[PDB]
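Single chain ahead, written as structure tokens, the form solved without the ligand.
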């Protein structure tokens, strides 16, 4: 017999005596050793003392799992392991001071999401995610990428959407106190103010221009006229403005960073544009600098703190 540790978080370890005549799966359920699936394997003597991950299959492990990952989805950990086997083999070059990802397995959407996160102010609430995120910021991003895939219910190689991805991640970020107040004005129906909080206060779908959002965008009214919607008040460290991809000119110094999307739902590619002393296009491991940029932009990120309209 051998003594080992089992765990769901590699924080709380639990002693186990292992029967060498049974596989790990027969004793523990699906079981991983340093990420390798050992479910169908007989214990080796050399495994004595090692730490194994298992699926949360009792109350203690379930609570520990929830406390570390902030999800009760029982398939989460298996999904994470499957992703991590791949993301450990990706490469994470430093590009223009940021951790990027060299292209692999259609991962451009994860690269531009990671590049974006390093330019906006945000903290993740699940300890697993915030821990992985700080390692990713330093260049060791495999765990962070596998968690993102797991949180988004995506597998390695699946095409992804940055906006959807950002939405899921923001739901695990402390945006609780972010606030947006909007006003919609119809000459017939009058004015209707709305207040949004959390993730809905920092994401908008329909226009890339933050300035246009402040000035007012035309939206239809059920009465049949065109109403105007504009931003009354914003309280957040950034905003995300998105729209269906379309040719768009990005101007140095008017935005923080942006996502460009080429292709369709069957085959496509993201690039990342950032505004520094000039414009930089980060494309996985590739870097290109230019003073102007035009492309099929789909998300633009802007810094914010507090904004109040002067529209009376």
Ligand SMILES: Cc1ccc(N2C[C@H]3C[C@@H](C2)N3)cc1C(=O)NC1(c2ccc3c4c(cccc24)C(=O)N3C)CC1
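Here the rigid core means the biggest group of C-alpha atoms that line up within 1.5 Å when the two forms are laid on top of each other. Positions refer to the first chain, counted from 1.
Here the subject shifts to the form deposited with the ligand bound, a form of this protein not shown in this document.
- Out of the listed residues 235, 140, 164, 131, 164 is the one that sits within 4.5 Å of the ligand in the bound PDB entry by at least one heavy atom.
- The contact residue chosen from 217, 159, 122, 185 relative to the ligand in the bound PDB entry is 159, the criterion being a non-hydrogen atom within 4.5 angstroms.
- This chain is displayed without the ligand, yet in the bound PDB entry the stretch 257-265 from 29-37, 43-51, 274-282, 257-265 comes within 4.5 Å of it by heavy atoms.
- The ligand is not shown here, but in the bound PDB entry it comes within 4.5 Å of a heavy atom of residue 154.
- After superposition on the rigid core, displacement of the C-alpha of residue 51 between this form and the one not shown amounts to 2 Å or more.
- Once both forms are fitted on their rigid core, the CA atom of residue 18 lies 2 Å or more apart between this form and the one not shown.
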